[PDB]
Amino acid sequence: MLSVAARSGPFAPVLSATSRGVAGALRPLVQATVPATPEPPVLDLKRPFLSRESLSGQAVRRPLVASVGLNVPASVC
Amino acid sequence: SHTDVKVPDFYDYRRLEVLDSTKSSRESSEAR
Amino acid sequence: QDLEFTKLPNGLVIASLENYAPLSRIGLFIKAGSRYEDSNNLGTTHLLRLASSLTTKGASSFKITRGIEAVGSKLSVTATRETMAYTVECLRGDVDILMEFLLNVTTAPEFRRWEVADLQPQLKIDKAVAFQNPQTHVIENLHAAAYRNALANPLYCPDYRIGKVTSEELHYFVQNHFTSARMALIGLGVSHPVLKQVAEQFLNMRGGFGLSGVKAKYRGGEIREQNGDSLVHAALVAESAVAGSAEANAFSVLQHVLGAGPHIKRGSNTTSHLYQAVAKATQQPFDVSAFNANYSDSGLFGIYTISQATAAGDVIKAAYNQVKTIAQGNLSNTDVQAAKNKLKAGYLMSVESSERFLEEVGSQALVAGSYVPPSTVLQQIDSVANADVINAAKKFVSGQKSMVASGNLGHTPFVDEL
Amino acid sequence: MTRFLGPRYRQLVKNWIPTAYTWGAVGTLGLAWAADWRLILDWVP
Amino acid sequence: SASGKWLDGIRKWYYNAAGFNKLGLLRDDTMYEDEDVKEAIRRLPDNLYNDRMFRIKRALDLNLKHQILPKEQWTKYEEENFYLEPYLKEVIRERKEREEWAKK
Amino acid sequence: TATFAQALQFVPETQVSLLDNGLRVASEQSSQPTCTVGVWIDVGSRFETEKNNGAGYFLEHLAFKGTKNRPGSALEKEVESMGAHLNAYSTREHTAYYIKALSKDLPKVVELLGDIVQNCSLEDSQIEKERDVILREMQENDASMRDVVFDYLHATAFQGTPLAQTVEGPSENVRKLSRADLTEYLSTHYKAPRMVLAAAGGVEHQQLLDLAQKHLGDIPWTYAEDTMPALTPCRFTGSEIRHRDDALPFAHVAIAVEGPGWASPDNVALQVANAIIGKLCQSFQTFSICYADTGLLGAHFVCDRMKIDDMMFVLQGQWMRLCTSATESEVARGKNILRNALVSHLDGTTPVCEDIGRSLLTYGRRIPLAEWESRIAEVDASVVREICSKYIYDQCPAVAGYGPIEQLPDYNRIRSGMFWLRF
Ligand SMILES: CCCCCCCCCCCCCCCCCC(=O)OC[C@H](COP(=O)([O-])OCC(O)COP(=O)([O-])OC[C@@H](COC(=O)CCCCCCCCCCCCCCCCC)OC(=O)CCCCCCCCCCCCCCCCC)OC(=O)CCCCCCCCCCCCCCCCC
Ligand SMILES: CCCCCCCCCCCCCCCCCC(=O)OC[C@H](COP(=O)([O-])OCC[N+](C)(C)C)OC(=O)CCCCCCCCCCCCCCCCC
Numbered sequence: 001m002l003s004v005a006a007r008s009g010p011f012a013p014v015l016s017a018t019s020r021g022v023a024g025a026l027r028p029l030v031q032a033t034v035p036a037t038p039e040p041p042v043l044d045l046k047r048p049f050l051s052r053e054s055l056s057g058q059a060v061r062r063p064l065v066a067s068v069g070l071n072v073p074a075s076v077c
Numbered sequence: 079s080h081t082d083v084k085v086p087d088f089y090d091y092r093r094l095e096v097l098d099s100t101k102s103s104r105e106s107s108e109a110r
Numbered sequence: 036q037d038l039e040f041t042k043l044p045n046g047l048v049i050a051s052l053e054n055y056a057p058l059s060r061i062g063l064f065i066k067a068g069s070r071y072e073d074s075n076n077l078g079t080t081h082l083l084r085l086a087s088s089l090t091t092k093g094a095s096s097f098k099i100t101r102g103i104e105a106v107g108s109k110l111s112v113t114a115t116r117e118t119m120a121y122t123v124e125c126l127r128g129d130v131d132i133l134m135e136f137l138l139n140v141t142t143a144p145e146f147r148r149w150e151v152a153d154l155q156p157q158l159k160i161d162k163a164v165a166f167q168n169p170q171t172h173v174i175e176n177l178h179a180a181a182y183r184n185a186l187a188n189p190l191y192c193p194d195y196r197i198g199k200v201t202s203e204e205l206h207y208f209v210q211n212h213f214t215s216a217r218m219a220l221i222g223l224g225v226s227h228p229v230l231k232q233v234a235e236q237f238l239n240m241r242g243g244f245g246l247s248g249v250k251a252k253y254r255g256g257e258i259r260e261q262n263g264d265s266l267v268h269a270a271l272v273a274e275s276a277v278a279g280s281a282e283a284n285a286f287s288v289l290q291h292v293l294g295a296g297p298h299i300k301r302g303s304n305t306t307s308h309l310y311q312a313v314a315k316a317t318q319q320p321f322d323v324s325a326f327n328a329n330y331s332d333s334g335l336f337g338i339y340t341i342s343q344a345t346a347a348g349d350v351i352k353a354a355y356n357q358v359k360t361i362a363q364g365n366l367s368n369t370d371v372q373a374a375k376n377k378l379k380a381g382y383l384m385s386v387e388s389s390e391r392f393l394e395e396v397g398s399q400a401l402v403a404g405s406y407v408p409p410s411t412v413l414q415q416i417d418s419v420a421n422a423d424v425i426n427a428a429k430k431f432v433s434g435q436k437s438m439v440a441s442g443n444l445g446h447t448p449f450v451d452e453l
Numbered sequence: 002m003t004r005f006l007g008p009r010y011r012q013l014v015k016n017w018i019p020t021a022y023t024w025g026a027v028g029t030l031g032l033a034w035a036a037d038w039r040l041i042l043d044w045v046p
Numbered sequence: 008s009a010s011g012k013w014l015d016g017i018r019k020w021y022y023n024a025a026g027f028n029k030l031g032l033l034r035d036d037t038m039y040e041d042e043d044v045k046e047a048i049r050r051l052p053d054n055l056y057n058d059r060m061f062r063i064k065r066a067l068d069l070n071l072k073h074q075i076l077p078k079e080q081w082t083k084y085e086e087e088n089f090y091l092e093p094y095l096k097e098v099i100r101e102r103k104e105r106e107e108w109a110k111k
Numbered sequence: 035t036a037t038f039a040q041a042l043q044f045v046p047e048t049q050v051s052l053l054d055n056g057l058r059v060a061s062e063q064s065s066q067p068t069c070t071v072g073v074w075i076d077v078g079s080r081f082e083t084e085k086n087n088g089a090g091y092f093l094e095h096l097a098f099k100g101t102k103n104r105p106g107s108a109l110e111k112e113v114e115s116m117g118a119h120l121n122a123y124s125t126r127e128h129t130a131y132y133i134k135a136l137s138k139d140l141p142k143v144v145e146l147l148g149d150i151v152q153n154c155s156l157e158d159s160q161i162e163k164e165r166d167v168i169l170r171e172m173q174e175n176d177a178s179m180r181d182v183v184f185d186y187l188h189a190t191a192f193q194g195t196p197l198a199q200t201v202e203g204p205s206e207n208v209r210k211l212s213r214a215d216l217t218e219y220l221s222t223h224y225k226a227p228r229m230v231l232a233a234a235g236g237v238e239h240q241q242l243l244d245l246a247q248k249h250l251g252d253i254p255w256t257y258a259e260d261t262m263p264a265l266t267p268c269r270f271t272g273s274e275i276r277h278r279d280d281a282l283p284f285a286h287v288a289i290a291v292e293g294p295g296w297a298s299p300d301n302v303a304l305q306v307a308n309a310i311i312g336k337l338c339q340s341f342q343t344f345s346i347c348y349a350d351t352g353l354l355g356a357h358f359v360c361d362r363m364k365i366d367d368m369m370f371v372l373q374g375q376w377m378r379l380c381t382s383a384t385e386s387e388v389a390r391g392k393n394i395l396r397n398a399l400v401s402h403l404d405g406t407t408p409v410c411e412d413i414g415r416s417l418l419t420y421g422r423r424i425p426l427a428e429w430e431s432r433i434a435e436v437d438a439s440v441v442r443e444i445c446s447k448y449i450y451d452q453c454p455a456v457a458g459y460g461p462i463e464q465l466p467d468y469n470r471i472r473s474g475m476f477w478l479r480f
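These protein sequences, in sequence, are chains T, a, K, H, g and L.
To convert, note that position 16 of the first sequence is 16 in PDB author numbering; the numbers rise steadily by one, no gaps.
Positions in the second sequence are counted from 1; adding 78 to them yields PDB author numbering.
Positions in the third sequence are counted from 1; adding 35 to them yields PDB author numbering.
Positions in the fourth sequence are counted from 1; adding 1 to them yields PDB author numbering.
Positions in the fifth sequence are counted from 1; adding 7 to them yields PDB author numbering.
According to PDB author numbering, the residues represented by the sixth sequence are 35 to 312, 336 to 480, in order.
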């Protein structure tokens, strides 16, 4: 009892991972069709902060407030 | 679930050439 | 007719067994896996197991694919956190060329930029089909909660890393971990002389040991994932014992006393203590069972539950209390004997088929100097006492817990209040 | 070309020969019937 | 033997007569993009791809303006780079292999 | 060293015997500490009428729930105290109960196995509990889409014939079936000459035969009054069933023609063809489903809703290709794939036991791997061309679709795809 399968019983198929390579002669069980997750909104890239003068004041000192307006951009404290 | 499935009967429309059953299936197909 | 272990000057282990079967099976086993990654190159091994048909210095991708198809054979790859295995199946007389393919896949891969970059988007898909069964992602979280560094690393690639695993990382990992002293070659349906002819091609490969890694450090973690699902999944464990230990046998017998899984189709599991305990705490559908893992330098034991969202707190508690009564020494000869019966029989059934038999032998070959026949295993099982089982239960009850839960957690308890 | 010399192409051509000569028969008889070509039609009983 | 120097002489003559060097272009820039050539271009690393694109745009602009580069900036025959040849040879090998499989 | 075919000669024989009541006992001995033993029964849904459609599934639910000699959970506790496993299943045409155990336990195993098939305690309380369970199990959409489309296919193909009906049956029936129906079903169908006792593993044949006479020899054999129900003969109809639901993510589709059945030789060649055929869509398969006198031969796939038409085109084109233009090189590959499948399946005692039982019901005899190899070796491209033409070319198919299936081609368009104008 030194393989995962001989030891773990019904938890072996979650304690082990496999990929059967180029297609074989028999047909496997649990074929698993794939409805993948939708893409999030696309955004502009982030700027770095590679100086103390640019990081100065970024650390948080107080909890946040959430805001929105009918003719103003939505904002966060 | 699905298991209650059943096609409704088509008796009125089917050909007599298969109702007069004294001939193997595929040979009938050929005649039709 | 019997197995024959042997070790070459390189340190490579080889073993074989000429069962007169029409289908020959050959496995190459390696000490590698996700535990040897670190935070800077996570996901490498996942792509590595998927890349097992890209081009090599010895044969084109087209050649590998079509040539394996043309004889009807298969080349699988299987991993764990600690080991990887490449396995080949073929009819009698097909060996030689397939062995060339095995050699080139493991000792001389090319990781051409464009083929790797075309292979990336399949990580997402593979992980998705894996994560359809809910058990997998819960167990993944359990390892993250349970350990600080090594056994914590995930089997499937992190999402932020998909599309950004590079060829250089693959080359580095293979060069530093696919080494001859980390390897064994096992053959069923094959005469030792023939397997020697095969192993002969491996004589000039990378020698010695590699990078040894770090020891796993325990965490008393807790991870909660909130979804809308009406069913909640939970796992609660502690640290138990190392692989191949007498204490691990004690823990196994304990698992089978509590209940390891069903035996009758549509049954009530009247023999199972956990199931019967829980059945009196809830009246809607549940599932419960006991959990064991063991590693090279650690192990986990605990309970696993599935219940309705509003019932979770009652279920998880009802299960836990059961274990406690064994720790206090409410345990019976009859239960213990029945558990050992379940365990011996389940073990012998697990190795009827050549596929699993090959796996088991290959696992032993990487860690021991000689093959242990099943009779010896059965005796070792026979040698566990009641006091060992009770001590194991006390270890679980006393030690620091780790917990994971997933679902609608409005009534799940927190690890601190169990 | 030089590509299409080999076993598969020989087998594949043999597969289609009969259909080829049947379409040939169709075309020949049709041409003759359409142009009242006496050279062929005088032999039809 | 001398024959090498002689053949290289005529080859240099033909190269200066062709005149794509007057536009600042390399030989591998001037290929027609058939299927294999497009696949070889797909395989290039980023730096080579970007250099190629700019060189080609620059030649097109000059041709628009019926002009050429200063002589000082012409591509010289003895220090040119056949950057695309290797990739193309691999593409062609792959296609040949597949063909050869298809006749069995 | 041997050849594949020569290794096929070392596989041991299957011994077969008869009791006086006509029950046949079959075994294959493989010198192991573990064994599988079961009873296979020549009964299934295609012998039920609309009045009791669903009886066998009901009986399967309360098979292991108690016998007179072992009331209630005593049977379950005795199975679990040996460390053994117990399983059952039910099909359009067969039924089976088997046990996995240690070879040491054969006398008890057979005993239990005989106690189960002769002495189930059909108690009213347990019947009502199973009724509630099955109704609950039918209420919610607890079926996979694959099962749905295959049930729809059988319904359209074999309409007006017993094979159209499902194993579970309608819900209207489970809320209305009685103990009288269950006991009549058993008395009429569970007769010795329809049963097989099969064993694989570390089992000796003569010991099994002694135990069979001791524990199974009192099963009756006299079919009475020809009480067996009269039923409709087989017919296959070219037809379609379409269930549209544009909210499901993906479209499922199945298309068959009629296959020849268990007995015919042609099956081998067909399998080769299948292996040759099996991108556009996520998932695809080919299949052959055999019965006594008929069968289904076809394919199943899942697609995005905008790619159903192309996929149908590709599939039917491959069919026409095989019928008209096959070649030797691909056929060889298919034969090798088929060899590998046959030898891969028979690994471990359970599949082997199962093969013994199914074989003795369908064929009357165990067919050894050597005979299968000899049958495979005879196929060639000419045989494939001939037989594919004999079953596929210019035939009317049965079609089933479930999902967003607006783009599934019209039936005339599908029928016209079964032949080529250039041939
Ligand atoms: C005018 C009044 C107008 C108003 C009227 C109002 C009312 C109208 C109402 C009705 C409206 C109807 C609308 C149209 C519906 C169309 C439906 C449709 O397309 O369905 C698609 C239908 C559905 O299948 P699918 O799902 O698409 O699957 C596709 C698969 O590939 C399926 O594969 P497959 O193998 O099953 O089928 C493929 C194959 C199936 O067909 C065949 O294999 C053969 C079919 C029978 C034989 C026809 C042979 C014709 C050969 C050319 C003429 C020479 C004849 C001999 C005499 C030689 C003289 C030298 O067909 C083809 O590949 C297409 C071409 C076939 C002919 C080959 C020749 C091509 C060149 C044509 C021009 C030649 C000019 C020079 C001639 C020589 C010099 C004079 O599939 C088709 O592909 C159908 C093909 C239809 C072909 C029609 C050909 C007509 C033209 C003939 C020649 C005319 C010129 C003659 C000149 C004089 C010399 C004789
Ligand atoms: C250049 C001038 C001279 C040209 C002479 C032409 C010679 C050849 C003539 C051939 C005529 C017959 C061809 C039939 C082909 C059928 C193919 C097909 O798909 O059939 C099944 C199809 C579909 O049938 P189906 O769908 O019911 O089932 C078919 C399925 N199988 C094949 C398995 C049975 O039938 C048709 O709808 C075909 C209609 C064909 C209409 C042709 C009209 C005649 C036009 C030519 C004659 C006039 C020439 C005038 C010349 C004058 C010169 C001065």
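Backbone N, C-alpha and C define an ideal beta-carbon position, used for all residues, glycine too.
Residue i and residue j closer than 8 angstroms at C-beta
i         : j         : result
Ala-25/T  : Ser-159/L : no
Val-183/L : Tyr-459/L : yes
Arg-20/T  : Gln-342/L : no
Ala-165/K : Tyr-191/K : yes
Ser-340/L : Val-302/L : no
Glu-150/K : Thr-90/K  : yes
Closest Cα partner of residue i within the set the options
i         : options                                    : result
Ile-351/K : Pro-156/K, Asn-329/K, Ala-314/K, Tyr-330/K : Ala-314/K
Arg-259/K : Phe-326/K, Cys-125/K, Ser-441/K, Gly-68/K  : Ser-441/K
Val-167/L : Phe-192/L, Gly-100/L, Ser-124/L, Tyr-91/L  : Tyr-91/L
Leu-216/L : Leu-96/L, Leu-57/L, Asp-185/L, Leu-243/L   : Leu-96/L
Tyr-10/H  : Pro-46/L, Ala-383/L, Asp-260/L, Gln-66/L   : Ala-383/L
First through last residue of the beta strand (DSSP E) which encompasses residue i
i         : result
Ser-59/K  : 58–65
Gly-374/L : Taken as a continuous stretch (DSSP letters only), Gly-374/L belongs to no beta strand (DSSP E), being part of the alpha helix (DSSP H) at 365–382.
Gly-458/L : 455–460
Buried versus exposed call for residue i [16 or more other C-beta atoms within 10 Å across all chains shown]
i        : result
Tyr-22/H : exposed
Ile-18/H : exposed
Boundaries of the alpha helix (DSSP H) in which residue i is found, first to last residue
i         : result
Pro-408/L : 406–419
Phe-136/K : 130–142
*Would you list, in chain order, the members of the stretch 352–365 of chain L that have their beta-carbon closer than 7 angstroms to a beta-carbon of chain T?*
Under the 7 angstroms Cβ criterion, the stretch 352–365 of chain L contributes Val-359.
*asked:* By the 8 angstroms beta-carbon criterion, what residues does the stretch 180–198 of chain L contribute toward chain a?
replied: Of all residues in the stretch 180–198 of chain L, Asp-181, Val-182, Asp-185, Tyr-186, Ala-189, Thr-190, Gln-193, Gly-194, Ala-198 have a Cβ within less than 8 angstroms of some Cβ in chain a.
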